[PDB]
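> got an experimental structure here, sequence first:
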Amino acid sequence: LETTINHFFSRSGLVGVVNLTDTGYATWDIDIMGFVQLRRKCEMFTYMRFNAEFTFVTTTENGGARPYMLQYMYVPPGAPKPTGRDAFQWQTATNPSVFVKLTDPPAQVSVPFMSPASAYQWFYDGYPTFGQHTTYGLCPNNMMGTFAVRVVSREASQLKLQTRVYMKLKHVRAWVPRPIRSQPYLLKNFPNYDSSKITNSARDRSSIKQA
Amino acid sequence: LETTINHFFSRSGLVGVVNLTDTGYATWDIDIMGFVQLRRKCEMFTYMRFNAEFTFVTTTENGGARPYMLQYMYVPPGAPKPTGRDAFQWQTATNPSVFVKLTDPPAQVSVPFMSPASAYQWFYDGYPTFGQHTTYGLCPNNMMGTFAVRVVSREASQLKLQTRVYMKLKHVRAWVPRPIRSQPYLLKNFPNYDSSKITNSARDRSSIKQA
Amino acid sequence: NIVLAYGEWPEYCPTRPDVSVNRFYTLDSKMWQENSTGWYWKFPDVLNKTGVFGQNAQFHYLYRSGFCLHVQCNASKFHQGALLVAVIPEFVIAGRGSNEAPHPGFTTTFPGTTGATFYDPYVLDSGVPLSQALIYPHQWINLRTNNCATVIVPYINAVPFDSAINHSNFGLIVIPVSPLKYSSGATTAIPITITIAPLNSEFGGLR
Amino acid sequence: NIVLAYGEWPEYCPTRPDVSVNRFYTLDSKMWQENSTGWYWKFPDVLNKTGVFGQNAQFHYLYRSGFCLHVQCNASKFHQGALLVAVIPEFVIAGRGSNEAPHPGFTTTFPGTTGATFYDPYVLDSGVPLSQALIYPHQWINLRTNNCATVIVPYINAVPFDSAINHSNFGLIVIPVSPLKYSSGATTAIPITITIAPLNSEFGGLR
Amino acid sequence: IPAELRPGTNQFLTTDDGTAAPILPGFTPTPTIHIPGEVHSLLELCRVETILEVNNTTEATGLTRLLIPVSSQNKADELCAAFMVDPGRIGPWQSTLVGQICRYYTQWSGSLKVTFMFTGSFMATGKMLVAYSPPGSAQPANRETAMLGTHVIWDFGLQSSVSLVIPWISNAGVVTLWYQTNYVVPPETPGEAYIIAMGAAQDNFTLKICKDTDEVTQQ
Amino acid sequence: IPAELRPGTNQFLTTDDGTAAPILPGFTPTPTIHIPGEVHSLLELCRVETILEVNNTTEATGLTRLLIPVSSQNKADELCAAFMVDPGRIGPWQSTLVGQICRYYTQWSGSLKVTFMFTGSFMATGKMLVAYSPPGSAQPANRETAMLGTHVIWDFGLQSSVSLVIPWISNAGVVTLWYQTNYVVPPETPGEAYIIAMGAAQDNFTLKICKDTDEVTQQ
Amino acid sequence: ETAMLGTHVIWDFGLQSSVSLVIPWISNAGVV
């Protein structure tokens, strides 16, 4: 119908704004728990399994420009990330690149499922000492890579660019449910909550009668 | 699966940067042993057989420009190479050309298998005196041609261009194996090694016990 | 009667011990007074350093077993109040600070054979409201009608074999929803006791 | 027993000589002392200017033949150390300089009936570590158990016919992996002898 | 072959089906296994009973707001509790689960049910009159004009948990709990019990147009 | 016919399948022949046994670092050699071949085996105790606590080459070689032998995500 | 704990009212 779990995720929304200066490049980490619209909808379920697909959108400040051959890259988990704009990590063969102009219609690229375990895990309870490859509740089976946007020129670009990343999900299967979050979380990677001021769930009224 | 020998080569990486000034043209030789990422992966095997396919990428310095009708050419092995920018080797019929603007999406062109022997040979042991058509270990059954980039105009281009060449391999079949290179080579076309300082293969430790 | 977890019988598809570890265990009987506030245990950490099963999970580093619980509180007919027995998979607790980043540490997150104590019950000490906390397999123990709960839990993990000291498969919680009330002239402490029995253990690895 | 090269019997699909060149040859017996370091030969160069086969490869300029080797060192039961017999196709040696470009020349790269000597053993004088050098057809000669090795090599080349003075199909290497040790009161030199026999020669061309 | 380009060449419609080129050709995902408790559609969340808040009064704080108080002192004919039956609208139905996943999905229709259960002693015995009025009016005033509606006489001694099926709400309706009789306890047993509430939705409960919800934060 | 253009018109994805136009139409490649020793997949390289370095000590230089020394002077109970079983991680496993082609291919799982063989005289005779501990602990201390693990009693007189199958490494584990007994030689035979090591991988050894490696140079 | 690891019989007052126990094979001690 439309209440099945495939349609419940299959809208694509903003994830992260990645902007560069000329350093000359702007890296970014894949983290789908960026905003709060999507973190509350994906800690609904414990174990997930899904193929992503991205879409980059470039807008120069003041809007629109003459073309340039900016590239998008991708790093699989377990590989070193770039450091400078001209280092030799931009010429390896394992990192798939995407060459796309400004004035062309936007770029789109899929990403398959990238974990050694047979599902993702948004809740881990243990220590990674003799685990998978302080430290409470952080597993290395969740990182998915980087992107490392770079403009292609020999020198002197001076564009002051800005990109966006839209993320769709596909073929998503869930597993065992969990109740929804109701305390507004503070840190990014922990379930913490300001326990000095615990908020309520229902707005109050006068008394128990007089509905 | 993905460990078969067809998938092990089928990523496409950088080979050579070919840049021109206005001389007005920039020639280049086909040599897949350019960098060191690919030479170590292709002296794995002795005899190979594969169809290449190229892709040129043009970027003006400062990035992007108004269009120009730059041409790419190709010379088969056994034909004279161009000398000046306006000589009569740019109007022969045996040399297939490719006319591509700047602002269009990049150009792509395949190359079939081009040797009289039924396989390539990355190791020859002999002298070419009465051979195939000092000189130790150089066979003329390995050259594959040139490209000779040229901009089309009557005079006064003044663009200061820069190109790249990406190379994919296809349908590659190998033959008899060889062990990998472990001494960092000095020359380009010889197996030489700095024998005054032979490097090791394993980093050292304290003693033979205490693993 | 009995209530399974998600409708699945515990079975198995490495060494395989038998009836010597099919014996029942018995943890310590707690004390639920007038103003207590809840407990939790985090299986299968509490069966370490104890008994025959302790000498097969301390020296092996692969593990798979589904459990079978039996929670039982003994009280006469002049006491009132209802408990709550739920089995939460992947039970993650978080530190109650605000800022840096004060973690729980170790002495709370792995209680061992003594169960810990909830600090703030209304939000399950994990930012989740208790009102929605019956998605999990639950079972009301209600001191006017029945006083026994029998949950059977199969092995719920993505990887088919994990270690048994680092990881923790699930947790068992006990919360007093209605506070206990009695007229004067009776006992104060209604005890709460637990019985745990491993069903299909299947160990792997050596020392 | 015998060990083939890559699992292929030597056969043929021009003149075709017979049993007059099916006779065994015998190269000179080397001397492996306490501190020697290795030899190599580069077939089929060493059968030139010798015997009946020499008068059919010097005056013809097409060639095809697969060989059959028999390496045998004679030693009593009070000596120790193990050799290594490997057959490397397309054996290319390189000059040991660094800069210009000092080539090996000629007197090393084609040794003829006297085998040459490795300068640096650990890297096979070609930039390849010896630790990985058992991808090739190898055969341990180990002086406590056996003292014979029988390799049969078919014709491995891309073009089905090549010349026999310029080109060189493969090479045979002999390396002492364990150094030779003996108590005093014995011999010093354990000899090493080789036997070569062409199987299916098939020549072409005239003068 | 010839072709033209219609309107709609270069656009990005954000509700799409066209696959991209996969960035890793020939990759093999790891094969799945059987993990129990697998959810096909999220309509099998809002059929599972969750504890409804009622006593959201200012005075009640902590765990004692999941509980409707019943007191022995109160005499015949005093209203015990009342709450409107509307999922999603801000009130008692917010702490449950059906009141959460209809803060998505703008329009709905179905048949919610309401379940009660009791947490007194074994000796106590009284009655309650669970009443329900249609949404055209407000709550009743006297005990007679709730008896003429749709009542279920609930007992403490025989049963211990009664249910009720409200037919066909849409995108109000007021349930009250009249006190038929004063609480009866034998001596030395405390005269303060607590009636907790439940809540769910039945099988013919449907949803419509998707929509994002109203949280408090933004990051 | 009409058509539109989706997102992804002008791009160059670098992991592609679309063929270009051939630059030489009607060309005939030369027909191949049967060249022996043809490799289909490179998994048939890491099943061929290569010599494992062990004695990577500072003192040993040259060829004498492929060799574990055994000495007659040493008395009962001294550890002969030990090395961690991890392909790819920088240590003894780097000079072999399995330790090379798992510097590509980030993740792996399988079953490596380890083979020994001996290079002494024909008269000498002793024993060795090849031990192996699971990766949860460090190396053993005394000879008893390696006997309780998984040992193979290896002999010089009867056999001359023993093997061992380590089950299921993943992306440590320590093998040692205890000296059961002092070396016995008859007079006028030298009392210094050498045990070389081997190494390979068995049939169920798999690989995953491709990656470039760490060389030293760049040109 | 170290009596739970032996041979125990959990006896109840509410359900039963009389439990038994079978000690195997005394001879010519053992502590209950």
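Done, it's in. Residues are numbered from 1 along each chain as shown, chains lettered A, B, ... in the order given.
> element containing residue 117, please.
All of this is about chain A. Per DSSP states H and E: residue A:117 is located in neither a helix nor a strand.
> actually chain E
Using DSSP H and E, residue E:117 falls within strand E:113-118.
> and what of residue E:157?
Applying DSSP H and E, one finds residue E:157 in no helix or strand.
> please apply the same query to residue E:128.
Short version, using DSSP H and E: residue E:128 is in strand E:127-132.
> quick one: contacts of that strand?
For strand E:127-132, contacts defined as C-beta atoms under 8 Å, 6 or more residues apart in numbering or on different chains pick out E:80, E:116, E:140, E:143, E:146-147, E:149-156, E:162, E:164, E:166, E:173-181, E:195. (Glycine included, C-beta is placed from N, CA and C.)
> write a ChimeraX command that selects only the buried members of those residues.
Typed into ChimeraX, the line below selects the buried ones among those, using 16 or more other C-beta atoms under 10 Å in any protein chain shown:
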select /E:80,116,140,143,146,151,154,156,162,164,166,173,174,175,176,177,178,179,180,195
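> any idea where the strands of chain E begin and end?
For chain E, the strands defined by DSSP state E occupy E:4-5, E:67-71, E:82-84, E:108-109, E:113-118, E:127-132, E:152-155, E:163-165, E:174-178, E:192-197, E:206-207.
> which one of those lies closest to residue F:9?
Residue F:9 lies closest to strand E:4-5 among those, at 11.0 Å (C-beta to C-beta).
> quick one: is that closest one near chain F?
Yes: with C-beta under 8 Å from any C-beta of the partner chain as the criterion, chain F is reached by strand E:4-5 at E:4-5.
> parallel or antiparallel, list what pairs with that strand.
Strand E:4-5 has the following strand partners under DSSP bridges: strand F:2-3 (parallel).
> ok, and what's touching the partner strand?
Counting by C-beta under 8 Å, 6+ apart, E:3-6 sit against strand F:2-3.
> now do it: distance to the chain's middle.
58 Å (C-alpha atoms, centre = their mean, to the nearest Å).
> tell me where chain C has strands.
C:2-4, C:25-26, C:30-32, C:39-40, C:67-73, C:85-89, C:116-117, C:138-139, C:148-153, C:170-174, C:190-196.
> for chain A, that is, sorry about that
According to DSSP E, chain A carries its strands in the segments A:13-18, A:25-26, A:48-58, A:70-72, A:98-100, A:107-111, A:149-151, A:163-174.
> coming back round to it: now the angle from the strand holding residue E:128 to strand E:192-197?
Here strand E:127-132 runs at an angle of 30 degrees relative to strand E:192-197 (axes from the mean of the first three to the mean of the last three C-alpha atoms, to 10 degrees).
> contacting residues around the residue of chain C found nearest chain D?
The minimum distance from chain C to chain D, using C-beta to the nearest C-beta, falls at residue C:206 (30.8 Å). Each residue near residue C:206 by C-beta under 8 Å, 6+ apart is listed here: C:59-60, F:134, F:149-150.
> take the residues you listed and keep only those in helices.
Members of the contacts of residue C:206 lying in helices (criterion: DSSP state H): none.
> just the CA coordinates of stretch E:206-214, formatted as CSV?
Only the C-alpha atoms of stretch E:206-214 are listed here, as CSV (Å, rounded to 0.1, in the frame of the first residue of the first chain):
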residue,chain,number,x,y,z
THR,E,206,-5.8,3.0,7.8
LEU,E,207,-3.5,5.9,7.0
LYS,E,208,-2.9,8.5,4.2
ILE,E,209,-0.6,11.3,3.0
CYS,E,210,2.9,11.3,4.4
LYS,E,211,4.1,14.3,6.5
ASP,E,212,6.9,15.2,8.9
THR,E,213,6.2,15.7,12.5
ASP,E,214,6.7,18.3,15.3
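> and it, anywhere near chain A?
Yes: judged by C-beta under 8 Å from any C-beta, stretch E:206-214 comes into contact with chain A at E:207, E:210, E:212.
> which of those residues are buried? Put it as a ChimeraX command.
Typed into ChimeraX, the line below selects the buried ones among those, using 16+ other C-beta under 10 Å:
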select /E:207
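> close to chain A: what parts of chain C are there?
Within chain C, the positions lying close to chain A (C-beta under 8 Å from any C-beta) are C:6, C:42, C:61, C:89-99, C:101, C:103-104, C:109, C:119-120, C:122-123, C:126-129, C:131-133, C:135, C:156, C:158-159, C:163, C:166-168.
> how about stretch C:97-108, does it get close to chain E?
No: counting by C-beta under 8 Å from any C-beta, chain E is not contacted by stretch C:97-108; separation bottoms out at 13.8 Å.
> list the contacts of that stretch.
So stretch C:97-108 is in contact with A:134, A:136, A:186-187, A:190, A:192-196, C:93-96, C:116, going by C-beta under 8 Å, 6+ apart.
> could you rerun that using 6 Å?
Stretch C:97-108 has contacts (C-beta atoms under 6 Å, 6 or more residues apart in numbering or on different chains) with A:136, A:194, C:95, C:116.
> what's the span of that stretch, first residue to last?
Length of stretch C:97-108, first residue to last, C-alpha to C-alpha, to the nearest Å: 15 Å.
> chain center to it: distance?
23 Å.
> pull out the buried residues from that stretch.
For stretch C:97-108, by 16+ other C-beta under 10 Å, it's C:97, C:103-104.
> with adjacent residues omitted, what lies nearest to the closest residue to chain C within chain E?
Scanning chain E for the residue nearest chain C gives residue E:37, at 3.4 Å (criterion: C-beta to the nearest C-beta). What sits nearest to residue E:37 in space, not counting adjacent residues and going by C-beta to C-beta, 6 or more residues apart in numbering or on different chains, is residue C:6, at 3.4 Å.
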